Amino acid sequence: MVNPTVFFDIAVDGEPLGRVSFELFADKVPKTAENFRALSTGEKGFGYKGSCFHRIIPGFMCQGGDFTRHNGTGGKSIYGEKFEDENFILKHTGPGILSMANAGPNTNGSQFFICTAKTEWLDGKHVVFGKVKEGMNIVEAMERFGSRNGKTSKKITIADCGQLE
């Protein structure tokens, strides 16, 4: 079939900003893509809606997906607490790359990051599974609320999220 597309509706201190949409690479990382897809729809009873981008470093990346500790230490996959690195077929080529955050080999949960630069040192250690399709202007707006140490000057939230036709 066709690779799924997922959207995030982003808010800044509760104020609507815009929509970021993502192509998920189910054709190359079906397991990893399915996790992010189901967390986006909330169809297992948990996921990304209402959570925040807790760490944003301009010229590097926007990190989110921690809906259990809201700070980078939590989250869980649709398969259990953690799942294996599925493969490293896809590389971190530039801005818009969507990739899994982790704390060691085989520790993927729900946390993910959106690259805003090429981050080749992450290749072969973070599983890349998607890419921003629309709203890279919105990801760039988000990023302006980050800082050098990653603390956001405003609260950046996924006000709504879902799967698109």
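In case it trips you up, residue 1 is the first one in the sequence shown, and so on.
Trainee: Grab the CA temperature factor for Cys52 from the record and place it in the lowest, middle or highest third of its chain.
Mentor: Top third by C-alpha B-factor.
Trainee: Ranking the modelled residues of this chain by C-alpha B-factor as given in the entry, is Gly42 in the lowest, middle or highest third?
Mentor: As the PDB entry reports it, the C-alpha B-factor of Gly42 lands in the highest third of its chain.
Trainee: By its CA B factor, does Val12 count among the lowest, middle or highest third of the modelled residues in the chain?
Mentor: Its C-alpha B-factor, which the entry lists for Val12, ranks in the highest third among residues of this chain.
Trainee: Lowest, middle or highest third: where is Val20 by Cα B-factor in its chain?
Mentor: It belongs to the lowest third of the chain when residues are ordered by C-alpha B-factor.
Trainee: Would the CA B-factor of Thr93 place it in the lowest, middle or highest third of its chain?
Mentor: Tercile = highest for this residue's CA B-factor.
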